[PDB]
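K.L.:
Chains as they are written, first to last, in my numbering: chain A, 1 to 485; chain B, 486 to 728.
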Amino acid sequence: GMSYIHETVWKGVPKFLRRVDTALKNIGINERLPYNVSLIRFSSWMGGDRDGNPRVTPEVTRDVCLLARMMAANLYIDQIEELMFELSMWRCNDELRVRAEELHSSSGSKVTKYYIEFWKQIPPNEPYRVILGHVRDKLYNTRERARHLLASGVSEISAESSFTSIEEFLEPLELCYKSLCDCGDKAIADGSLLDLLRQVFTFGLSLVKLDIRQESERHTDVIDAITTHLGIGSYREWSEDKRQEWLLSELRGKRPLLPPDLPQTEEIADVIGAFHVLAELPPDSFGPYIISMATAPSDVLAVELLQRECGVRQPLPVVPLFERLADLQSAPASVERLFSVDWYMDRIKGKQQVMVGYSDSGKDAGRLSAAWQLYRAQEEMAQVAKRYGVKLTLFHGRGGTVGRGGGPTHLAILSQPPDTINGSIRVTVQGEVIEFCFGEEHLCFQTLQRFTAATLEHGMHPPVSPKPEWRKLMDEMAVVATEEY
Amino acid sequence: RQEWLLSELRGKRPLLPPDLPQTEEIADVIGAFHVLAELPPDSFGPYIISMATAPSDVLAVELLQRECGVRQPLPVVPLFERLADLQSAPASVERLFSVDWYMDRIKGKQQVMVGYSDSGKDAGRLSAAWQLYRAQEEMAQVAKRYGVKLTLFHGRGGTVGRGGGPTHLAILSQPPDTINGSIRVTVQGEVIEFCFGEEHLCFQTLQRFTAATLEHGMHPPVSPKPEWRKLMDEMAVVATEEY
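Laid out in C-alpha cells, this is it:
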C-alpha cells in the first residue's frame, strides 16, 4: 500500500491542488487555495485493522507506525535538499533575517565532509538556505531516530533533536513562505515551496494516519473477564441499558478498573496489548478506533472505557461500523442514544464519525435491500446529528466488486442521499482498487479529481430526494428482495 | 479503617488513581514503593512502621505496597516506640493474627520491633524497661496461641538510656522463651566501631550474640514471681509520673 504513496500519491497531491488553483483562477478567484486546506487526506488500515486477523499483533501496529514515520522523513529530506538548492534569493523578512542570523551565529563553522551539497557553513546572505539547512539536519535526525526505534526500541538521538510535531516542522517553512511574499516574490513561494507545504498538511510526519479496527465481541470478552474476575457479575449477560449505565458510571468515576491480576486468554491479551501500543505511540499517527459489527451504544462506550483504563492519554475517536442489516436499522437510534448522554457529548465536541459497511450488509440481505437500508441509515443518521448539532462524517466501506458496493467513484457519491456529505467523507480503497486508482500518475490525478468534483457538486448541487411513492415501493421490495435472498 | 483496608486487600480491583494529587511528602512515600518494585526482592529486608500504634498501621502499608506495584511485598513490621503503643502491642498483634487474610500473607512468620530509645524518652528508664519486658512476653504468648513464630527486633543504642549494655547481659534481661534462635538487634552508629573496628572485636561480638542467644534458648532465665510483677507494675506507674 505504501508503494503507491511513494510512486504516485506523494507528488500527485500537490499537482492536483495545482489544478484546483488554476480552476479557481478561471472562475474569477484571484487567490490560491490555502495550503493548510486538506482537500484530500490519506489513511491506512494496513497494520491497524485486526478483525479476523490474529496475525495483526500489537508489535505489527508499532512497526508500520514507525516505518511510515521513517518513509515520511525520507520523502521530506528529498524535497528539502531539493528546495535548499532552489531558494537562493537574498531578499527576506525582518523575522527571517533575524532567524537566519540567529542560527548562523549559534551554529559553529563546522563542515560535514560527507554532505554532497552545502557541506560547509551557509552564509547569512542566503537566508532561505540557512533555515532550510537547519530543517534538513533536523529531518536527518528524525529519519535516523525512527530507524533506531524500529530496529531496537530506543535511540541515542533526542526528541528535541528531531521533528516531533507538525507545528515544529511547519514553523520554518511558513516563515520562508511569508518572507518570500513580503519581498514581492510570491510567484517564487508558489513553486516547490507551496508543493512541500501542501504535502505537510496532507501527509504530516506519519504520511498516513492509521485506523484501528476490532470487533465488538472481542471488547465485550475483555469486559466480561473484568467483571467476572472482580465479582461485579457478568457483563455479557447484562441488558444493553444496564451495560450503558455501568460503563457510564465507570467513565464518570476516577477509580481504576483494569486489574493487573487479570486472567487473560490470547485474545483478551491481544485486545489489551493493542490498547497498550496505542498509548506508547504518538497520537498524530492514528485515526479513529473502529468497531466491527457494532450493534448498540455500549460497544462504543466499551472501547471508550478500555482506552482510558489501558492508559491511552489522548484517546482515539471511537467509530461504530454497522455492517449487518439489523444493525443499520437501529443505527439512527444508537446514534441518538449516544448524542443524548452528557458525558459522550462533552467528549466528541460536536463531531461524530460512523462507518457503514457495504460488504457484509449485501451478504446479510440482498444487493437491493442492502443498498436501500444503507441509503436510509445515512439519511436518518444525518437527521439525528443535525438535531443535536453534531457534524456527522460518514465512512463508506466500499469494495472493488459491485456486490461489495463498488462502482465508479462519481456514481457512488451521486447515489448517496442528499445532505449527508457536506465536505466530509471517508472512503475505503481496498486491495486491488489501490492499483486501479493509483497505479500510474494519470490514474492518481483522475481519482483525486473524481472524489473532489463529485463531493463538491454533491454539497451545493445535491441529487433529488425520492418521492413518497418511491420510498414506499422501495421499502416493499426490500422486504421481498431480502426474503428471496 | 481495619474494615475498609481488609475489604480493599480482599478485593482485586485497583485503588491508586493515576491523576492523584500529591504533596512532596506523599510523592516520597509512593516513590519509595516504586523503587521497591524496581529492585530485586533479595536486596530488601522488611518495611518497618515507625510510631506504629494499631493494626490499621500495618494493614495500610500492606495495601500501599500492592497498590504501588510491589509484586513481591516485603514483610511489614510495626515499631512500637511509645509506652501506650507498647501497652496495646499484644492486642494489636492479636487482632492481626485473627484476620484470615493477614494469616494467609505472613504464613506463620511475624516480626515486631520494639524501640528502646523513644520508650525510655516517653516514660522513665525503669518504666520503659519493664513495659518492653511485658510487651515481649505477652506478644510471644499471642503468637504461640496462633501458631506463629515471632521474631523480635530490638532497637537498642549504645547508651544505657537508649537500651545499651553488654550484649550477653541485654539478652539475659529479655523474657524467657521469646528468642528461641530468632532475634534481630540494631547496631547503631558508634556501636559499629565498638563491635567491628578490628578483627579481634568482630570475633568477640559474633561470639557474644551467638553464645547468649543459644544459652537463652536451652537454659532460659527465671520468670518473675507474681509479687515481683505487682511491685514492678506499681513502681512503673510511680516512675513515669515522677519522670
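Beta carbons are placed, not taken as given, at the ideal position from N, Cα and C, and that holds for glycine.
Using a C-beta cutoff of 8 Å, does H229 of chain A count as contacting chain B?
P.N.:
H229 of chain A counts as touching chain B.
K.L.:
I'd like the list of long-range same chain contacts for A522 of chain B, defined as Cβ closer than 8 Å, with 5 residues on each side in sequence excluded.
P.N.:
Contacts found: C553, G554, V555, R556.
K.L.:
Flag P563 of chain B as yes if its beta-carbon sits less than 8 Å from any beta-carbon of chain A, otherwise no.
P.N.:
Answer no: the Cβ-Cβ gap between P563 of chain B and chain A never drops below 8 Å.
K.L.:
Can you confirm whether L251 of chain A, when its beta carbon is compared against all beta carbons of chain B, has any partner nearer than 8 Å?
P.N.:
No, because no Cβ of chain B sits closer than 8 Å to the Cβ of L251 of chain A.
K.L.:
Assign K209 of chain A to buried or exposed, taking buried as 16 or more other Cβ atoms, counted over all protein chains shown, within 10 Å of its Cβ.
P.N.:
With 16 or more Cβ atoms within 10 Å of its Cβ, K209 of chain A is classed as buried.
K.L.:
Taking three-plus beta-carbon pairs below 8 Å as touching, is the segment 653 to 662 of chain B in contact with the segment 696 to 715 of chain B?
P.N.:
Contact between the segment 653 to 662 of chain B and the segment 696 to 715 of chain B is present, because at least three Cβ pairs lie under 8 Å.
K.L.:
Going by C-alpha to C-alpha distance, which of A:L301, A:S162, A:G52, A:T142 sits closest to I348 of chain A?
P.N.:
Among A:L301, A:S162, A:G52, A:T142, the Cα nearest to that of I348 of chain A belongs to A:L301.
K.L.:
Check for me: the alpha helix (DSSP H) holding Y375 of chain A runs from which residue to which?
P.N.:
From DSSP, the alpha helix (DSSP H) with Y375 of chain A extends over 367 to 387.
K.L.:
Tell me where the alpha helix (DSSP H) around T538 of chain B begins and ends.
P.N.:
Here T538 of chain B belongs to no alpha helix (DSSP H), and DSSP marks it neither H nor E.
K.L.:
How about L305 of chain A: is its C-beta nearer than 8 Å to some C-beta of chain B?
P.N.:
No, no contact with chain B.
K.L.:
Under 8 Å, with one C-beta from each stretch per pair, do the segment 142 to 149 of chain A and the segment 111 to 119 of chain A reach the 3-pair mark?
P.N.:
Taking 8 Å as the limit for Cβ pairs, the verdict is that the segment 111 to 119 of chain A does not touch the segment 142 to 149 of chain A.
K.L.:
Comparing the C-beta of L248 of chain A with each C-beta of chain B, is any distance below 8 Å?
P.N.:
Not an interface residue.
K.L.:
Please decide whether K592 of chain B counts as near chain A, where near means a Cβ-Cβ distance under 8 Å.
P.N.:
Chain A, which has no Cβ nearer than 8 Å to the Cβ of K592 of chain B, makes this no.
K.L.:
Between the beta-carbon of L193 of chain A and the beta-carbon of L83 of chain A, is there less than 8 Å?
P.N.:
Yes, the Cβ-Cβ distance between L193 of chain A and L83 of chain A is below 8 Å.
K.L.:
Would you say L500 of chain B lies against chain A (beta-carbon separation less than 8 Å)?
P.N.:
True, the Cβ-Cβ gap to chain A drops below 8 Å.
K.L.:
Can you tell me where the beta strand (DSSP E) holding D211 of chain A begins and where it ends?
P.N.:
Residues 209 to 215.
K.L.:
For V514 of chain B, count neighbouring Cβ atoms within 10 angstroms of its own Cβ and tell me buried if that reaches 16, exposed if not.
P.N.:
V514 of chain B comes out exposed.
K.L.:
According to DSSP, is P54 of chain A part of a helix, a strand, or is it coil?
P.N.:
In this structure, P54 of chain A counts as coil in the three-state DSSP scheme.
K.L.:
Per DSSP, what kind of secondary structure is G600 of chain B in: helix, strand or coil?
P.N.:
Here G600 of chain B sits in strand by DSSP.
K.L.:
Have a look at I425 of chain A and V200 of chain A and give me their C-alpha separation to the nearest angstrom.
P.N.:
Going by the C-alpha atoms only, they are around 21 Å apart.
K.L.:
State yes or no: is the beta carbon of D224 of chain A nearer than 8 Å to at least one beta carbon in chain B?
P.N.:
False, the Cβ-Cβ gap to chain B never drops below 8 Å.
K.L.:
Taking 8 Å as the CB-CB cut-off, is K629 of chain B touching chain A?
P.N.:
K629 of chain B does not count as touching chain A.
K.L.:
According to DSSP, is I434 of chain A helix, strand or coil?
P.N.:
Looking at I434 of chain A - three-state DSSP - the assignment turns out to be helix.
K.L.:
Would you check if the distance between the CB atom of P282 of chain A and the CB atom of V318 of chain A is smaller than 8 Å?
P.N.:
Not a contact, by the Cβ cut-off of 8 Å.
K.L.:
Using 8 Å as the cut-off, can you tell me whether the segment 591 to 606 of chain B makes contact with the segment 636 to 656 of chain B, which would need three or more C-beta pairs spanning the two stretches below that distance?
P.N.:
At 8 Å Cβ cutoff, the stretches touch.
K.L.:
Out of B:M624, B:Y728, B:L568, state which residue places its alpha-carbon closest to the alpha-carbon of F582 of chain B.
P.N.:
Of the candidates B:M624, B:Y728, B:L568, the one whose C-alpha sits nearest the C-alpha of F582 of chain B is B:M624.
K.L.:
Nearest CA to the CA of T295 of chain A: which residue from A:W343, A:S105, A:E217?
P.N.:
The option with the nearest alpha carbon to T295 of chain A is A:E217.
K.L.:
Tell me whether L149 of chain A sits in a helix, a strand or coil according to DSSP, three-state version.
P.N.:
Looking at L149 of chain A - three-state DSSP - the assignment turns out to be helix.
K.L.:
Please work out which residues of its chain come closer than 6 Å, Cβ to Cβ, to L66 of chain A, disregarding the five sequence neighbours upstream and downstream, and give them in chain order.
P.N.:
For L66 of chain A, where only same-chain residues beyond five positions count, the Cβ hits under 6 Å are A146, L149, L150.
K.L.:
Does the segment 155 to 163 of chain A touch the segment 178 to 196 of chain A, meaning 3 or more C-beta pairs lie closer than 8 Å?
P.N.:
Contact between the segment 178 to 196 of chain A and the segment 155 to 163 of chain A is absent, because fewer than three Cβ pairs lie under 8 Å.
K.L.:
Check whether the segment 52 to 59 of chain A touches the segment 98 to 111 of chain A, taking contact to mean three or more Cβ pairs, one atom from each stretch, closer than 8 Å.
P.N.:
No, because fewer than three Cβ pairs between the segment 52 to 59 of chain A and the segment 98 to 111 of chain A fall closer than 8 Å, the two stretches do not touch.
K.L.:
Are the beta-carbon atoms of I268 of chain A and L205 of chain A separated by less than 8 Å?
P.N.:
The answer is no: Cβ separation not under 8 Å.
K.L.:
Are the segment 229 to 237 of chain A and the segment 245 to 265 of chain A in contact at 8 Å, needing three or more beta carbon pairs?
P.N.:
Result yes; three or more Cβ-Cβ pairs closer than 8 Å.
K.L.:
Do you know how far the Cα of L473 of chain A is from the Cα of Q373 of chain A?
P.N.:
Going from the Cα of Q373 of chain A to the Cα of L473 of chain A covers about 13 Å.
K.L.:
Who are the Cβ neighbours of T447 of chain A in its own chain at under 6 Å, not counting the five residues just before and after it?
P.N.:
Around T447 of chain A: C437.
K.L.:
Decide if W489 of chain B is buried, meaning its Cβ has at least 16 other Cβ atoms within 10 Å, or exposed.
P.N.:
Under this definition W489 of chain B is an exposed residue.
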